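**Student:** Chains as they are written, first to last, in the UniProt record's numbering: chain A, 1105 to 1152; chain B, 1 to 410, 417 to 1051, 1057 to 1139, 1143 to 1161. Note that beta-carbon positions come from the ideal geometry of N, C-alpha and C, so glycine has one too. Got a structure here, written out as structure tokens. Questions coming.
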Amino acid sequence: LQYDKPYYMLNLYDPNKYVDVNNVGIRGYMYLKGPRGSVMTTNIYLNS
Amino acid sequence: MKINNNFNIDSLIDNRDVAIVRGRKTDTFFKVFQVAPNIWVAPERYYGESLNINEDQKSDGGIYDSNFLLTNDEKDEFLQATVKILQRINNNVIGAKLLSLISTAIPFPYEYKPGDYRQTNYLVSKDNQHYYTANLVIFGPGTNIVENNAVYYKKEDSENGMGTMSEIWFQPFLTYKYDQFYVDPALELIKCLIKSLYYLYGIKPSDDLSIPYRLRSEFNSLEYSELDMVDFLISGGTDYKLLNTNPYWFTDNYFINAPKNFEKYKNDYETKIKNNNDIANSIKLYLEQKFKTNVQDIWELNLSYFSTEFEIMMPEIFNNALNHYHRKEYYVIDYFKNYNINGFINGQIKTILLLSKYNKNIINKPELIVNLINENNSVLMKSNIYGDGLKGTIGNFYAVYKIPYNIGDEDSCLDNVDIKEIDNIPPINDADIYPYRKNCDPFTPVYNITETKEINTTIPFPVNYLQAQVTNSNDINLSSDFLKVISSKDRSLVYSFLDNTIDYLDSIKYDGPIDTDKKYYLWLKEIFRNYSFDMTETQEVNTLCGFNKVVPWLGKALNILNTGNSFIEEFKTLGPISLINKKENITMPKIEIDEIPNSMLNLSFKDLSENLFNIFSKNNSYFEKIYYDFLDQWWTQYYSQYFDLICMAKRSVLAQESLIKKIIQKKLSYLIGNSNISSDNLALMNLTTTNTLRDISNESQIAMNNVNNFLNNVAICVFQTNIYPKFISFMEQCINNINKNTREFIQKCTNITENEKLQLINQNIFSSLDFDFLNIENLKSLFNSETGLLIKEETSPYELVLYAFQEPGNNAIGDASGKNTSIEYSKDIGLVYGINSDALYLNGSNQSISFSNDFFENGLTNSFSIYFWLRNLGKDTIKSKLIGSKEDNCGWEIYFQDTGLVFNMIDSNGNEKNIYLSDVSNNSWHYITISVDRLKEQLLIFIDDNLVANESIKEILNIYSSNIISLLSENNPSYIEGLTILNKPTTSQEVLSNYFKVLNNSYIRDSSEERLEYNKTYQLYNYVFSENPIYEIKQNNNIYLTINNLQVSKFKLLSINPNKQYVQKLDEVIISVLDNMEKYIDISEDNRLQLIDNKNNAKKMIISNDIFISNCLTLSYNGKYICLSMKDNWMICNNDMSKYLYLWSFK
């Protein structure tokens, strides 16, 4: 793991959800939402 | 949602929430209470089944009481219990979503005329002027009071997507104990609710659709017990893991048709109904919410998911065929005493339930009667083997099923459900309900008629041994001859396999009577130790599959290979496959593979290659499906017998445990009644015998886990050595044929050149790399489950693990072990960082902590361990108490004394183990561990990581003390961190691992074991010269640091960032010396350590150390460390000397 290197977030409890911000400010918060989507190329690979 | 708990059996009828309705079309009427929108409870027996039925019409394993739920008090109890379970389920988020879904999953209205819809879900009042909307009504049980069930209002309407009402038979008062826990009735209610979901969405399968469950290996005939589709889809367990595979090896037309019908009725609603004003908007909203969740979501709901979400322990292996394995025993649950919103009060294991009166009424009609007979056909032994209530077919399902070559394969189970949206829907009033007359099928009770057959055997079967190991006599002689046990006409002996315990009892057969409590303690301890060495003993053996924990007593527990000298020798010379009866059971699945289409002959090279690639992918997927089918077949055929062995062995262990407890209790009662022992000694004897029985239970659980793991491994190895080679051979033939066909097809193509023909031929071959699906981790991970994790954490050896931290406002201190240990601590105890976490700071006068836990009382035969981090800040030689449990001079304790510690163990009889530990109180952290092992009778004391004491406590009897462990640390302020008490003895390897694991947290420690930090005035020392500090002296117009074989130099570390406080491993440092003006370090040309004044000229060294050493850090620069120089003694940056020279320390 390295500093100054953007990373996307994943949670081990609920992989299907990803991190998003509701709003920016004091009253804002961070939350999880889905579905993760899927990238597929037929007969070779299919992953979230 | 809000469950209405303000209803009693005598509430007045309001025509809205509580009413009296009619079941089906019969003239029977009953009272119902609406608990939540569209869900009602009928606190009465089910009207459809007659309360009394003929004796031969009784279902085996079922309890029949026609007087149950009869009086109004029983009905009110049922109502309150059901409402309490409803509240418990609703409190959890997933249970609340399930309840909202059931509340909104109304059956589809029936279009009597185009544009005219009539409801199907309705209840008719007594005089037939009030109609009630209800998706589900929960009744009491039918004829059998333990038969929870759910039935549909109309068959066809619930089969073709329209949906019907559901009616539930529920038994909230009875539960059964599986292994070591009581099954939560909330989970059974959840299972019935999910079945009601299947009924409400009209996705009920055809009755003939049923996947196989077990192979009836008890019979001498080939027969498969197959489980219904809904039961398999919603039961969960390990069996559901052999069907829910990606890709699906088992598929049926039902899984295609059901979404079709769902979408059809969704279109019917959204086109015809949603735009129709003929019906109330309530039905519109209910249907909108019903159709918002598809059929896949309903399919993925099963008891494994709810067990994980609700944290409920459930059966996980063959959980729908328990009536053959687990002859249940029933316990009554008092919902005001033994239940609350959080399930069983004090867990599913630690709660106590009164045995139900109905256990004697359990009907026992066995599917088989096994009769052990001798040469002259005399009936020696007789036993009953029970069925499972599952349809048994005579045809092999695996040899008839056709794995679909052509199929299409593509979140939270109820993520789309909105509880708030469903709650906001106003209810359906009585004045806007137009019923449909033929909405109810005529209910017919179904009676299962079991068949009984006999078998005569010359060799005892496992059930013969299992039944011969139980007895009702209270004067038990544990014998060692099953033939003699059966032949014993006196009915006195009872069969057993505990050779150590039997031999010990034979040795003290002529021993003098136990007159005093000391002899009783000696006898009880010896009996416990012999029992634990008989039961928990295992032996590692190397078989054709690996290292396995062979448990030797199974041969004498289940009559498995008693012919040979020992169980292990037979297990090795015969292999795993010998542990079962029916060993050649695998048949080749019926498989069809589409040949290459001829229309591709006139295709270009690229298109032909792409089609061949698609064929290759489909063939690989088909081979994977064949492997999944083989895996399921191996389970259902071979692991069924091994799990029969598992359950039989666990039952044998429980029988032996009960026999031993009988012996203990009879001896204790005889001593109480026929001895001159003082009364207080009798009271303490009873209190100690209780704890000894608890420890015996724990040892039994250990043995059960051992046999479980051993047989699981044996079954996996059977799959290795017997099923996979057959799969490999069949797949080799199949790939050979497919390669031949593809090669011929390519050679027959016309639009392809010869070189391209060779290219395509070699590109689309099949070899062993395509059907090599074996994966040991998946085969051993089938048996992992949420039940296993919950049992593991509930029976965790950690009785106490103190955790401490600082929250803005206060400091939190407590137990993190999950047990019932209560903590009462003086609120003037601060927390300061110790080694890895916070540590309690004790003044030594008024700071007290008290840990209350039953196990802390200790006893005669409980092994335990105490370890922690101690840093004394005192100098008192007086024997001052530090920590321990001491009631009436009896117990264990540890006091400060001199500059070290004293460990004291005093039993009731006066025997005292007093040990002294030197050099412990030095303003430095020490990792103290004590391990009292009552099995081998060993006392181990470790300081830091050295075995400082290894004594024998063979002469220490009962040390029963108070449940309170008190941390006082008299007269010495001190730091105490990571206090931990386990109920298991600790070995040296575990102590070393814990020591290094806690220490190795990427922190740099000085000589005081504390945390080194920046901007702190330390003093440098060498590991070799720890007694000799570092001095600064002027020479050659410079200043140099050296030892003497001189003003001691003051050392500080500096970091680049001013936001860093402590010094972590593997980081840059600038060494600084405090002179009249501060100076920094540098390395000169001769690698000597020079003192400079320039701020930026000083270069950055690197700090590291070895994890094997607590605090001997090393300073390096550009790959070359700093080491002591030759005598002349300064420091040099050279690596042509011994390793000890690089080591350093700070103070």
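Taking residue 22 of chain B as part of the alpha helix (DSSP H), name the residues at either end of that continuous run.
**Tutor:** From DSSP, residue 22 of chain B is part of no alpha helix (DSSP H) but of the beta strand (DSSP E) over 18–22.
**Student:** Run down chain A in chain order and give the residues with a C-beta less than 7 Å from the C-beta of residue 623 of chain B.
**Tutor:** Those within 7 Å of residue 623 of chain B in chain A are 1147.
**Student:** Please confirm whether residue 197 of chain B and residue 298 of chain B have their CB atoms less than 7 Å apart.
**Tutor:** Closer than 7 Å, so yes.
**Student:** Could you tell me the distance, in whole angstroms, from the CA atom of residue 995 of chain B to the CA atom of residue 494 of chain B?
**Tutor:** When rounded, the distance between both Cα atoms is 50 Å.
**Student:** Would you kindly check if the distance between the Cβ of residue 845 of chain B and the Cβ of residue 983 of chain B is under 7 Å?
**Tutor:** Contact: yes.
**Student:** Going by DSSP in three states, residue 129 of chain B sits in which element: helix, strand or coil?
**Tutor:** Coil.
**Student:** Between which two residues does the alpha helix (DSSP H) harbouring residue 621 of chain B extend?
**Tutor:** Counting along the chain, the alpha helix (DSSP H) containing residue 621 of chain B begins and ends at 611–640.
**Student:** Going by the DSSP bridge assignment, what does residue 1124 of chain A pair with across the sheet?
**Tutor:** The partner list for residue 1124 of chain A (beta bridge, DSSP) reads A:1135.
**Student:** Return yes when the C-beta of residue 866 of chain B is under 6 Å from any heavy atom of the ligand MN, and no when it is not.
**Tutor:** With respect to small molecules bound, the structure shown includes none, and the ligand MN cannot be examined in it.
**Student:** Closest to residue 325 of chain B by C-alpha separation, out of B:290, B:367, B:338, B:294, would be which residue?
**Tutor:** Of the listed residues, the one whose Cα sits closest to residue 325 of chain B is B:367.
**Student:** What does the alpha-carbon distance come out to for the pair residue 1152 of chain B and residue 959 of chain B?
**Tutor:** Approximately 45 Å between the Cα atoms of the pair.
**Student:** Near residue 1178 of chain B, what residues of its chain come up, given a Cβ to Cβ distance below 8 Å and the 5 sequence neighbours on each side ignored?
**Tutor:** Chain B is shown only over 1 to 1161; residue 1178 of chain B falls outside these bounds and no answer can be derived.
**Student:** Only counting the same chain, and skipping five residues up and downstream in sequence, which positions put a Cβ closer than 7 Å to that of residue 1031 of chain B?
**Tutor:** Result list for residue 1031 of chain B: 1049, in chain order.
**Student:** In chain B, which residues lie with their C-beta within 7 Å of the C-beta of residue 1120 of chain A?
**Tutor:** Ordered by position in chain B, the residues that pass the 7 Å Cβ test against residue 1120 of chain A are 417.
**Student:** Confirm, please, whether the CB-CB distance from residue 1014 of chain B to residue 930 of chain B is below 7 Å.
**Tutor:** Cβ distance < 7 Å, so residue 930 of chain B and residue 1014 of chain B count as in contact.
**Student:** Looking at the unbroken alpha helix (DSSP H) that takes in residue 235 of chain B, where does it start and where does it end?
**Tutor:** Looking at the DSSP string, the run of the alpha helix (DSSP H) that includes residue 235 of chain B is 229–235.
**Student:** Which residues in chain B sit within 9 Å of residue 1138 of chain A, going by Cβ to Cβ distance?
**Tutor:** Going along chain B in sequence order, the residues near residue 1138 of chain A (Cβ under 9 Å) are 417, 418, 421.
**Student:** Grab me the residues of residue 1045 of chain B's own chain with a C-beta within less than 6 Å of its C-beta, minus the 5 sequence neighbours each way, in chain order.
**Tutor:** Contacts found: 1038, 1102.
**Student:** Smallest Cα separation from residue 1161 of chain B: which of B:1129, B:1086, B:1063?
**Tutor:** Residue B:1063 is the option with its Cα nearest to residue 1161 of chain B.
**Student:** Distance, Cα to Cα, residue 560 of chain B vs residue 648 of chain B?
**Tutor:** Between residue 560 of chain B and residue 648 of chain B, the C-alpha separation is close to 12 Å.
**Student:** Please name the residue, chosen from B:101, B:264, B:822, that lies closest to residue 811 of chain B on a Cα-to-Cα basis.
**Tutor:** Nearest of B:101, B:264, B:822 to residue 811 of chain B, Cα basis: B:822.
**Student:** Identify which residue in A:1126, A:1122, A:1131 has its Cα closest to the Cα of residue 1141 of chain A.
**Tutor:** Looking at the Cα atoms, A:1122 is the closest of the given residues.
**Student:** Under 8 Å, with one C-beta from each stretch per pair, do the region 433–449 of chain B and the region 130–137 of chain B reach the 3-pair mark?
**Tutor:** With the cut-off at 8 Å, the region 433–449 of chain B and the region 130–137 of chain B touch.
**Student:** Just the chain A side, please: which residues come within less than 8 Å of residue 619 of chain B by C-beta, in chain order?
**Tutor:** Simply 1147.
**Student:** Taking 8 Å as the cut-off, does the region 689–696 of chain B touch the region 713–720 of chain B (at least 3 CB pairs, one atom from each stretch)?
**Tutor:** Flag = no, the region 713–720 of chain B and the region 689–696 of chain B do not touch.
**Student:** What three-state label does DSSP hand residue 657 of chain B in the structure shown?
**Tutor:** Three-state DSSP puts residue 657 of chain B in a helix.
**Student:** From residue 913 of chain B to residue 702 of chain B, what does the alpha carbon distance come to, in whole angstroms?
**Tutor:** One C-alpha to the other measures close to 21 Å.
**Student:** Runs of 3 residues minimum, wholly inside the region 814–890 of chain B: which ones carry the beta strand (DSSP E) assignment?
**Tutor:** If we require 3 residues or more, the beta strand (DSSP E) runs fully inside the region 814–890 of chain B come out as 816–821, 828–831, 836–839, 844–848, 855–858, 870–878.
**Student:** Out of B:535, B:986, B:332, B:1135, point me to the one whose CA is closest to residue 803 of chain B's CA.
**Tutor:** Minimum Cα distance to residue 803 of chain B is reached at B:986.
**Student:** Three Cβ pairs or more, each shorter than 8 Å: is that satisfied between the region 181–195 of chain B and the region 365–381 of chain B?
**Tutor:** They do not touch, by the three-pair rule.
**Student:** Helix, strand or coil, according to DSSP, for residue 535 of chain B in the structure here?
**Tutor:** Looking at residue 535 of chain B - three-state DSSP - the assignment turns out to be helix.
**Student:** Report yes if the CB atom of residue 485 of chain B is closer than 7 Å to the CB atom of residue 501 of chain B, and no otherwise.
**Tutor:** Taking 7 Å as the Cβ cut-off, residue 485 of chain B and residue 501 of chain B qualify as a contacting pair.
**Student:** Is the separation between the beta-carbon of residue 236 of chain B and that of residue 323 of chain B shorter than 7 Å?
**Tutor:** Taking 7 Å as the Cβ cut-off, residue 236 of chain B and residue 323 of chain B do not qualify as a contacting pair.
**Student:** The alpha helix (DSSP H) that contains residue 299 of chain B, what's its start and end?
**Tutor:** That run of the alpha helix (DSSP H) goes 295–300.
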